[PDB]
Amino acid sequence: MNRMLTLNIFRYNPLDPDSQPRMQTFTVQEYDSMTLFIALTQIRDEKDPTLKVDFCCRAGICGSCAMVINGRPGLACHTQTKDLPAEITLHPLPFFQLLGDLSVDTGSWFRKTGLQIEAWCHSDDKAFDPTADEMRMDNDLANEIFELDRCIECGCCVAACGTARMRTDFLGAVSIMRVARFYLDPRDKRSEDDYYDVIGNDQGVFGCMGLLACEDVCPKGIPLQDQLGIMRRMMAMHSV
Amino acid sequence: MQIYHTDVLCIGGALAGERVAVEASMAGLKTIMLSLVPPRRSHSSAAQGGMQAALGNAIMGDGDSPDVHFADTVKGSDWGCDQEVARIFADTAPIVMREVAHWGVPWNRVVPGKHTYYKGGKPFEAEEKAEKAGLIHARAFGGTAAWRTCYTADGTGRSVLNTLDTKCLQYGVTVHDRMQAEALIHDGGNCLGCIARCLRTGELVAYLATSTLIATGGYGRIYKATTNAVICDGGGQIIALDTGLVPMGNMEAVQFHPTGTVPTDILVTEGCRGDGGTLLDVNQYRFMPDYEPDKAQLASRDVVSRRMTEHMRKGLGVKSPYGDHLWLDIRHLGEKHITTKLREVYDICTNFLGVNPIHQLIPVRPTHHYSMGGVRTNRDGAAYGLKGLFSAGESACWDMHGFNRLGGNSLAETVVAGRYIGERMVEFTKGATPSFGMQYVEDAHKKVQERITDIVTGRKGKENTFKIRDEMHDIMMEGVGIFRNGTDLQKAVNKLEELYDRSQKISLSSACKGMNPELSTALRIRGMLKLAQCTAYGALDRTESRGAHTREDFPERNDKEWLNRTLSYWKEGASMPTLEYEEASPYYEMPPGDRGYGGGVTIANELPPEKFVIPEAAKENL
Amino acid sequence: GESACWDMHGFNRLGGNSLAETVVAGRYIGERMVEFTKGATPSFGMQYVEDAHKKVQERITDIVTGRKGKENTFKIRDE
Amino acid sequence: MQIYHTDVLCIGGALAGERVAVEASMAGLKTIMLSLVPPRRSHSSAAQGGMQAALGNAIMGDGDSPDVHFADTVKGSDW
Amino acid sequence: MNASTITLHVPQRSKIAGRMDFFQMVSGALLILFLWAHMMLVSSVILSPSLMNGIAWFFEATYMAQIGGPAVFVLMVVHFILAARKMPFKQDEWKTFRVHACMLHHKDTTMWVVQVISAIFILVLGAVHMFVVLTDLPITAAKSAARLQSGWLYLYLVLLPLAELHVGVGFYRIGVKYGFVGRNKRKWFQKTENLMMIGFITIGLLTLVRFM
Amino acid sequence: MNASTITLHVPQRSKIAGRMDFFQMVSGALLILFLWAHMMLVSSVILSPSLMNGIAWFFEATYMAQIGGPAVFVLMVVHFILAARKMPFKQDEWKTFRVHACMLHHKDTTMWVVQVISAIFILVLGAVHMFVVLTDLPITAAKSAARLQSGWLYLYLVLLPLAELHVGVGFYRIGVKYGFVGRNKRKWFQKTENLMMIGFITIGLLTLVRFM
Ligand SMILES: Cc1cc2nc3c(=O)[nH]c(=O)nc-3n(C[C@H](O)[C@H](O)[C@H](O)COP(=O)(O)OP(=O)(O)OC[C@H]3O[C@@H](n4cnc5c(N)ncnc54)[C@H](O)[C@@H]3O)c2cc1C
Ligand SMILES: Cc1cc2nc3c(=O)[nH]c(=O)nc-3n(C[C@H](O)[C@H](O)[C@H](O)COP(=O)(O)OP(=O)(O)OC[C@H]3O[C@@H](n4cnc5c(N)ncnc54)[C@H](O)[C@@H]3O)c2cc1C
Ligand code: HEM
Ligand code: HEM
Ligand code: HEM
Ligand code: HEM
Ligand SMILES: CCCCCCCCCCCCO[C@@H]1O[C@H](CO)[C@@H](O[C@H]2O[C@H](CO)[C@@H](O)[C@H](O)[C@H]2O)[C@H](O)[C@H]1O
Ligand SMILES: CCCCCCCCCCCCO[C@@H]1O[C@H](CO)[C@@H](O[C@H]2O[C@H](CO)[C@@H](O)[C@H](O)[C@H]2O)[C@H](O)[C@H]1O
Ligand SMILES: O=C(O)/C=C/C(=O)O
Ligand code: SF4
Ligand code: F3S
Ligand code: FES
């Protein structure tokens, strides 16, 4: 709504060494109900096309929009210029290998960290036939299953975790909750002891110092706080 | 340079691409999946509605069978589809839904009891099967008879692709994210791979493989308003188009979805019209029984979308700086309900719009959604003019859909279709093996494709890539809409042809760098324009109205002289697509008939009564 | 190199010449290799890399393990 | 199966092999150096004597030329 | 036998990390209960130096500073070992946690830094105070003098904030992270604990002046 | 601006590392010099009680302990902070070093682990000794013979070997690690130094029993 948004965009390009980091100022007129997706895409597609942002759906369920917005890792497309102050500062997500400008590589981390935690349903292989009928599932278990499998793998809860930013081998609220989503699933046949072998030694579960930045930065609102919690108990009670 | 090998190269990492890579890998072949962004974020993840496969478990689906599914499928497709393709698919959907459910999707299941549903803008009570408690639940969607659409709360795409991906990691599919395919590696009408572009370094790569697949999805970003994610330029289409060997099928068929959100253009799901949707006018009047009396907003899609632009030409839309629009009323549906408590279209209206659905009305307008045509395939999914090229998905013309796609059938097509096309890809790869001549990968390919990069970078040829893009957008929005006439079409095709000339001379506003993000779009402007005129010239020279293609000068369906598929090749070096035509399934199981909604005026088929039922050799046994 | 018959060593190898041959021969043969490669380029028919190659040679491995023709490889090495 | 590509494939990575990989890579060609053990430890590393080459520097070689090298090489080696 | 690596202890795997984390939390609760015992007994000079002296000669011959004094010395340092695992001693763990901690502008994140700085101060002065009063000389209200006036113990204006801040963020933390969490009960817990901390620092500073 | 990844703190890279290690070496060196002076000046009980009383009055009545007490207090804690960087707290750092050091039979490797046990014993016992004698009461040999033998301080046997063991390995290591020793001179340094230490245990243990 007509007020003048000024943006300071992080600028760096690892592929030519001559490019040092800096703060570049941009100037955009704000119209009604404008997402920072609109602001940036016009900054790029209009003034400087070599700005690199990662945009996918502009509907907010994918996770390529992740960045730091005026200090908080957040979502660019799913964040609207109403809530932000008059000057904005967009920074690339931390912890993640910066590819350039605002863009970082996340999914690489998610796949390594995925194998680390082995996030899939482990089939005891009773010789199931899609010819025959399907699994027995109550609606509410499968609904919290949806609540956790609903993560959009944006990268905000890691880039906000002091532990991770401090210790890179720490595998993140993301990874804790993912193992959670296979713990409470019956279709994944895994002993609780297997689960400890995955997240029970340190660097996942007991590496958490409890900053609660996950819970407070998560854009889609996973129940990280109490899922992380119930996981640190379930694993910690491995003791006799 | 940087040549990689595999057996199965899946160009695209989304849902079909993932299923096929998982089958090549389930039978144990080595596989590379190229993806523009991590496979998790694709456009399959933005899918809010659900997955259509005949089950029989919910009360509102009691008795549903793939007979009904096939039947409904064909009817929705305006008999524009291959009925062999759709038979196989209708029977393969359940196999695939039990399977993927077994892969851990959180399908919403049935709850025994009696519930209060919504059919029209009025609720009716209905029970739920007492003995099918935990089985897989469905919902009303599209032009279905029974409720077959299977869902996980809202994001079903997120939740089906998500376990499909965990199966990818488990079976070890090597994935190079950030790889933009550019040309295909071929010669002798034999396909050896593709040349690609590193979305990190900026130099070309050239994956070499026996069996290659095109998963790249829809081309909708050639339009101003589309529900498509900004990553959808149709890459595999533009790489199969520049070969001039394999064509594009039924290209003109562009389905518009009615409930596209007005201010952002984001899609709000059809489970909304599917559970007690209410489409209202500027005065808030439910106008669907006026146009389509019985099936109302559960009508075929191109139907509701057509009716809406009609009703809006009358003067009855709501006027916005965003343009005039209608309303979708889900406040009807209940608050603690909202498709299991959360609904994730609730967040669409919450964050992006000023509307709360349990109070106000969602500004909604017909806007661009699925893209029917694509790389033509066969019953086994091998692409047309070139050997060893395969395709599945939105980017593909399997034509299990025809001229209108029935809602919720595209997910089942990705897993149903990825499974089948994959199976045939698997045994073709476990068959004969090529000879990779490097005067194909090297001669042209790396050369021609590196050459277009150089011409777009260093040269005069100055035209700004964003002006040809946005001028294209205006050309498509005005020229080819929902309602089409002969003369605006040809006017469009003429300026689109000259824009293709202009799109060959391209310049960049920028200063070259390792990986310039501008060049990614600039080099594909030519391609965007090309398959856009495939859709336009496909629609101009098709004089009849079928499916979402509705011609104001030729409104009848005209089964006599077009019951068919518009195949567009390119061949050099030209300014215009060559248009050839091909029979829509001679297989006809359900002969041409009335859909049971819409204003259908048909010039009844004359020739077909010869053949009709001759299902002679069915290798549809599976 | 030593694996090669270039024949700068003939039927008696000159002392200190075998180091000289590996580096000198690498320089010369190498230059020539950059020529033959930088020029025309071949076609890898997989009915060669796949057929035989993998076929005949994995056949020697399977015949050595799971098969008969039972004799100790060491006795044959030392004999 | 599990196919790798390069321009220059050096079967053996030792001393001849390494030089040839170094000039192919010096001209910037994709090159794979296969070795039965890490390239440092080969038989070229066990060479204790030295490498025979014309100098002009040593006082015991003052006046030394490749003529004599060519000659002694041919002649100690028979043909 | 297994003396190189490959995996853990015994024939398969080692649970030591959880046991010891569980033991960092059990030290946190036990130390919190003590510091309640201390801020009950010794804050009784506000009420009367007779109540503090009486309940002070009460427990197991004056809280058994033979058998209970070593309890809290060994237990407080054992806590020290369990926590030093995570303390940002490395110059980059500090530098980063300070850069991230200033940019996030997020609260609980920044309180970790106070758990740390407080941690070193209450290590030294906590040990040296606990020691000077941990010795012989059975307890009186009069003895202080071991504080105050002529006394040269001026540090409970420093020890009191660092200590009761630490115990507070620690009480809050041990609640989340182990499943006593929210987010429902998260806020009631949040201002319950915030209230609890500022309340103990007040009646401590008033035990401090009302000891004078 | 740089609140991200990139590389370190200034427009190229950080120099914090060398400065930081170097100052661990100078905190070890300056602190070694203090302990020399301490066990020289106040190790005078056996020479004469009058001599230590006087040499204490030599600089401002017990060697200026209001400017020298906070010197070794805050500087000794800053040592603790700089060295705690490498201390094997993480249960795996312990687990590994214990197996590597027990399998290697290598001496100085095994001396690092005692450098550790010693360090924790002297933070606690040392902070409370340094503190109890740092609080006013200018020194008298007769009052120190007070505590020792009563206070009750005593011990220091549970301190003297741990302490000088530590200082010893610390001198040995600091010499090697920055290059002040062999090979050529190496053994002279180790045998010489082990003699420095065993001598410090002697003149300390008798400064100890003779103070009684
Ligand atoms: C908002 C929205 C909602 C939808 N809701 C539903 C629904 O409810 N029910 C339903 O049935 N269908 C729905 N659809 C349709 C759905 O998108 C498709 O039918 C299908 O899910 C897409 O899957 P796909 O694998 O063919 O391709 P996509 O999922 O579209 O992705 C294509 C893959 O190929 C990759 N790729 C892209 N470009 C290139 C390139 N140049 N080179 C190489 N690789 C590339 C991409 O990275 C991607 O991974 C919806 C679509 C949208 C946009
Ligand atoms: C003790 C000894 C001392 C010598 N001293 C001298 C000297 O003093 N002066 C002098 O001029 N010459 C000397 N020589 C001769 C010298 O060994 C050779 O002439 C030359 O140095 C060998 O170098 P090379 O790189 O060509 O081959 P090698 O050193 O023999 O290396 C062989 C390479 O091929 C790899 N390889 C091996 N097997 C396979 C396989 N099955 N498949 C694929 N790759 C494989 C190997 O792993 C290795 O990398 C000496 C030789 C020996 C044995
Ligand atoms: C030398 C002494 C001490 C040091 C060095 C120290 C430091 C720390 C640190 C750094 C943590 C954070 C652990 C983490 O973030 O994961 C912690 C946890 C904690 N501290 Fe202490 N502290 C000491 C003594 C005390 C004292 C006096 C109390 C007073 C009640 C206390 C109570 C707690 C509690 C309850 C926790 C939470 C336990 C957990 O996270 O499992 N500690 N301490
Ligand atoms: C068995 C163990 C302990 C006993 C019996 C005890 C007893 C006392 C006594 C008698 C006092 C009052 C005057 C003085 O400080 O000389 C006191 C004050 C204080 N003590 Fe301790 N102490 C013990 C250990 C501790 C511990 C573990 C801490 C942890 C930080 C601590 C911190 C304090 C503080 C901060 C004060 C003054 C603050 C206030 O009164 O609010 N003490 N304690
Ligand atoms: C809380 C108190 C103390 C702690 C935690 C401590 C611990 C340590 C540690 C862990 C190191 C190892 C550095 C490394 O391994 O690279 C070290 C080195 C050393 N320490 Fe201490 N110690 C303490 C008190 C003392 C005292 C009282 C002295 C007496 C002179 C001393 C003298 C030294 C010396 C000279 C070094 C060698 C410095 C170097 O390696 O660069 N430390 N100390
Ligand atoms: C301002 C600093 C210091 C002063 C004024 C000081 C002075 C004293 C005094 C007065 C005594 C009493 C002698 C007795 O107990 O009869 C003593 C004993 C002792 N103090 Fe210190 N000291 C200081 C620093 C240190 C340090 C850094 C340590 C490290 C462990 C230490 C450990 C000892 C030991 C081990 C003894 C008795 C053993 C012996 O004398 O050999 N002191 N010191
Ligand atoms: C309870 C445990 C207590 C933790 C241990 C004690 C504190 C941590 C010890 C190491 C501190 C490292 O010191 C930290 O980085 C360097 C030292 O190299 C200092 O020097 C500089 O560092 C960077 C510059 O690139 C800046 O963040 C900082 O503003 C600046 O001062 C910082 O001021 C300090 O924040
Ligand atoms: C640097 C500061 C001081 C160093 C402090 C470092 C903290 C780490 C100290 C404890 C580490 C002990 O390291 C190792 O732990 C494991 C598991 O507990 C012990 O394991 C032993 O006790 C456990 C617990 O009953 C048994 O299950 C096991 O059978 C037995 O072997 C080892 O006996 C011990 O050697
Ligand atoms: O709006 C939806 O729910 C989806 C419609 C479709 O694409 O079928
Ligand atoms: S937790 Fe929230 S932020 Fe972290 S990935 Fe899952 S969704 Fe994105
Ligand atoms: S922010 Fe960090 S410490 Fe665990 S509490 Fe969340 S991951
Ligand atoms: S852009 Fe798709 S989620 Fe932000």
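Just so you know, all these numbers are worked out from the coordinates, no wet-lab data involved. In this analysis, Cβ positions are derived from the backbone assuming ideal geometry, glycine residues included, and neighbour counts consider all displayed protein chains.
What the table below lists for this structure:
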{"item": "Helices (runs of 4 or more DSSP H) lying entirely in the range B:430-501 (those with 1 or more residues that are without any contact (Cβ under 8 Å) to a residue 40 or more places away in the chain, surrounded by fewer than 14 Cβ atoms within 10 Å (Cβ to Cβ) and out of contact with any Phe, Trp or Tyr (no Cβ under 7 Å at 6 or more places or on another chain))", "result": "B:447-457, B:465-479"}
{"item": "Number of the exception - residue E:20 against (1) within 24 Å of residue E:145 (Cβ to Cβ); (2) in contact (Cβ under 8 Å) with a residue 24 or more places away in the chain; (3) more than 16 Å from the chain's Cα centre (by Cα)", "result": "(1)"}
{"item": "Matching residues, the range B:1-13, being closer than 25 Å to residue A:151 by Cβ and either within 16 Å of ligand 8 (Cβ to nearest atom) or within 11 Å of another protein chain (Cβ to nearest Cβ) (or both)", "result": "B:13"}
{"item": "First in the range E:23-35 and closer than 14 Å to residue E:126 by Cβ, second anywhere and within 16 Å of ligand 8 (Cβ to nearest atom) and in a helix (DSSP H, G or I), Cβ under 6 Å, 6 or more apart", "result": "E:31/E:79"}
{"item": "Number of positions in the range A:83-131 that are touching a residue at least 60 places away in the same chain (Cβ under 8 Å), surrounded by fewer than 18 Cβ atoms within 10 Å (Cβ to Cβ) and touching a strand residue (DSSP E or B) at 6+ places or on another chain (Cβ under 9 Å)", "result": "2"}
{"item": "Residues being under 30 Å from residue F:178 (Cβ atoms) and either loosely packed, with under 15 Cβ neighbours inside 10 Å or polar (S, T, N, Q) (or both) - total across the range F:35-52", "result": "5"}
{"item": "Residue list for the range F:87-115, filter: surrounded by 14 or more Cβ atoms within 10 Å (Cβ to Cβ) and within 11 Å of chain E (Cβ to nearest Cβ)", "result": "F:87, F:88, F:89, F:90, F:91, F:92, F:94, F:95, F:99, F:100"}
{"item": "Boolean, residue D:64 is among the acidic types (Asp, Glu), part of a loop (DSSP other than H, G, I, E, B) and surrounded by 11 or more Cβ atoms within 10 Å (Cβ to Cβ)", "result": "yes"}
{"item": "Among the residues listed as B:378, B:404, the single one being part of a loop (DSSP other than H, G, I, E, B) and without any contact (Cβ under 8 Å) to a residue 24 or more places away in the chain", "result": "B:378"}
{"item": "Any hit, the range D:20-35, residues being touching a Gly at 6+ places or on another chain (Cβ under 6 Å) and at the interface with chain C (Cβ under 8 Å from one of its Cβ atoms)", "result": "yes"}
{"item": "Residue in the range E:60-70 that is farthest from the chain's Cα centre (by Cα), counting only those that are in contact (Cβ under 8 Å) with a residue 12 or more places away in the chain and surrounded by fewer than 18 Cβ atoms within 10 Å (Cβ to Cβ)", "result": "E:62"}
{"item": "Selection from the range B:594-615 of residues that are in contact with a helix residue (DSSP H, G or I) (Cβ under 8 Å, 6 or more places away or on another chain) and surrounded by 15 or more Cβ atoms within 10 Å (Cβ to Cβ)", "result": "B:595, B:597, B:598"}
{"item": "Options A:164, A:213; residue that is within 15 Å of ligand 11 (Cβ to nearest atom), touching a residue at least 40 places away in the same chain (Cβ under 8 Å) and farther than 30 Å from residue E:9 by Cβ", "result": "A:213"}
{"item": "Qualifying residues in the range F:174-189 (those that are under 18 Å from the mean Cα position of the chain (by Cα) and touching a residue at least 60 places away in the same chain (Cβ under 8 Å)) - the one surrounded by the fewest Cβ atoms within 10 Å (Cβ to Cβ)", "result": "F:177"}
{"item": "Subset tally (residues that are surrounded by fewer than 17 Cβ atoms within 10 Å (Cβ to Cβ) and more than 16 Å from residue C:26 (Cβ to Cβ)) for the range D:4-31", "result": "5"}
{"item": "Residue in the range A:158-167 that is over 30 Å from residue E:94 (Cβ atoms) and either within 16 Å of ligand 7 (Cβ to nearest atom) or within 19 Å of the chain's Cα centre (by Cα) (or both) present", "result": "no"}
{"item": "Pair list, Cβ < 8 Å and 6+ apart or interchain, from the range B:337-356 residues that are within 7 Å of chain A (Cβ to nearest Cβ) to residues that are part of a helix (DSSP H, G or I)", "result": "B:340/A:143; B:340/A:146"}
{"item": "Strands (runs of 3 or more DSSP E) lying entirely in the range B:170-257 (those with 2 or more residues that are farther than 28 Å from residue B:427 by Cβ)", "result": "B:179-186, B:191-198, B:254-257"}
{"item": "Identity of the residue in the range A:144-160, in contact with a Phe, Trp or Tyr (Cβ under 7 Å, 6 or more places away or on another chain) and away from chain B (no Cβ under 14 Å), that ends up farthest from residue A:114 (Cα to Cα)", "result": "A:159"}
{"item": "Unique match (being free of Cβ contacts under 8 Å to residues at least 12 places away in the same chain, more than 16 Å from ligand 10 (Cβ to nearest atom) and under 23 Å from residue B:433 (Cβ atoms)) among B:28, B:17", "result": "B:28"}
{"item": "Sole residue being more than 19 Å from residue F:87 (Cβ to Cβ) and in contact with a helix residue (DSSP H, G or I) (Cβ under 9 Å, 6 or more places away or on another chain), chosen from E:124, E:77, E:45", "result": "E:45"}
{"item": "Residue list for the range B:73-100, restricted to those being crowded, with 24+ Cβ neighbours inside 10 Å and of a type in the set (A, V, I, L, M)", "result": "B:74, B:85, B:86, B:88, B:90, B:93, B:96, B:97, B:100"}
{"item": "Looking only at the range B:117-155, and only at residues there that are among the aliphatic types (A, V, I, L, M) and outside any loop (DSSP other than H, G, I, E, B), the one that is farthest from residue B:339 (Cα to Cα)", "result": "B:126"}
{"item": "Subset of the range A:107-130 (residues that are more than 7 Å from chain B (Cβ to nearest Cβ) and in a loop (DSSP other than H, G, I, E, B))", "result": "A:118, A:122, A:123, A:124, A:125, A:126, A:127, A:129"}
{"item": "Strands (runs of 3 or more DSSP E) enclosed by the range A:1-102 - at least 2 residues per element that are touching an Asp or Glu at 6+ places or on another chain (Cβ under 9 Å) and either within 14 Å of chain B (Cβ to nearest Cβ) or of a type outside the set (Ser, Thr, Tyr) (or both)", "result": "A:4-11, A:22-29, A:66-69, A:97-100"}
{"item": "Residue check for residue A:186: within 11 Å of another protein chain (Cβ to nearest Cβ), touching a strand residue (DSSP E or B) at 6+ places or on another chain (Cβ under 6 Å) and more than 16 Å from ligand 5 (Cβ to nearest atom)", "result": "no"}
{"item": "Search result, residues across the range A:209-224 that are small (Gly, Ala, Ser) and either within 15 Å of ligand 3 (Cβ to nearest atom) or within 18 Å of residue E:174 (Cβ to Cβ) (or both)", "result": "A:210, A:213"}
